[PDB]
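Student: Turn this into a model:
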Amino acid sequence: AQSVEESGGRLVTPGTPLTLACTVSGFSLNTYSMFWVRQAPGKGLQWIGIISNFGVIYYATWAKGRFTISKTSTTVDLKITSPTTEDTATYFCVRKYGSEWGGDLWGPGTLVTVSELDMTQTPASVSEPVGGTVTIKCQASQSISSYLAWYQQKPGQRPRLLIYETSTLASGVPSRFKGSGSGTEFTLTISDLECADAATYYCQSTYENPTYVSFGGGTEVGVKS
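Tutor: Numbers count the residues shown, from 1 in each chain. There you are, the coordinates:
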């Protein structure tokens, strides 16, 4: 079985440096690339940076100087150089799937407490009835061709990949989830809504450049009853 797990999260005082570890099981970091994402409580997902199987690192522009990535044969490490209260978040390491800069295997995340493409997601919130339909729209500042993934995140759980390459369905995801779009305009439609569809959904630019990798703000989806 293939899995991922983060560790190192704890309470810390501003400026006290901290290192998090991401330990993998069932695959080699000689084969797979890994990337780090964070999520402040109540806020959405934010990309930090990526390290290839060959150890080439790319950081988001906002993260440069604030974070260092490094790897062993079995561990990917993230160092927070000089924490502030704005760095209080759950930190996830994610295993990159082959075609794009999206992730198929997420860890449970580790909580840290401290005492340029734009993605526009709409709507913010929506509820439809069981059996209903929900449509989420995602709008990209520049053209990202087919490099778009959709993730599902239940409260207090990790994101699950639903759709990659705009319309391709991940393993185990039912066909009720339909992805479509091209370039700058993308949509996810959930047909025959169920109880188990209530979650937050995020679009992500999986374009293979650190300037272009971006998460939408999220969309709370409810089910009426």
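
Student: wait, what's in contact with the nearest residue to residue 184 once chain neighbours are set aside?
Tutor: Counting by Cβ to Cβ, 6 or more residues apart in numbering, residue 184 lies nearest to residue 140, which is 4.8 Å off, once chain neighbours are set aside. Every residue, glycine included, has its C-beta placed from N, CA and C. With contact set as Cβ atoms under 8 Å, 6 or more residues apart in numbering, residue 140 has these partners: 117, 118, 119, 148, 183, 184, 185, 186, 205, 214.

Student: correct me, but the first one touches residue 214?
Tutor: Think residue 117. Yes: Residue 117 is in contact with residue 214 according to Cβ atoms under 8 Å; the separation is 4.7 Å.

Student: between those two, what contacts are shared?
Tutor: In contact with both residue 117 and residue 214: 140, 205, using Cβ under 8 Å, 6+ apart.

Student: who has more neighbours, those two?
Tutor: residue 214 (22 against 15; other Cβ atoms under 10 Å).

Student: ok, the more buried one to residue 45 distance?
Tutor: Separation of residue 214 from residue 45 (Cβ to Cβ, to the nearest Å) stands at 10 Å.

Student: Could you name every residue contacting both of these two?
Tutor: Joint contacts of residue 214 and residue 45 (Cβ under 8 Å, 6+ apart) are residue 204.

Student: burial of the closest residue to residue 185 other than its chain neighbours, as a residue count?
Tutor: Spatially, and ignoring its direct neighbours in sequence, residue 185 is nearest to residue 139 (6.2 Å; Cβ to Cβ, 6+ apart). If you count neighbours by other Cβ under 10 Å, residue 139 ends up with 16.

Student: Next: residue 119.
Tutor: Count around residue 119 with other Cβ under 10 Å applied: 20.

Student: what pairs with it across the strands?
Tutor: Applying DSSP bridges to residue 119 gives these bridge partners: residue 140.

Student: Run through the bridge partners of the nearest residue to residue 19 once chain neighbours are set aside.
Tutor: Spatial nearest neighbour of residue 19, excluding adjacent residues (Cβ to Cβ, 6+ apart): residue 79 at 4.9 Å. Residue 79 has the following beta-bridge partners by DSSP bridges: residue 19, residue 68.

Student: and what of residue 204?
Tutor: residue 149, residue 215.

Student: Residue 112 now?
Tutor: Residues in beta-bridge contact with residue 112 (DSSP bridges): residue 89.
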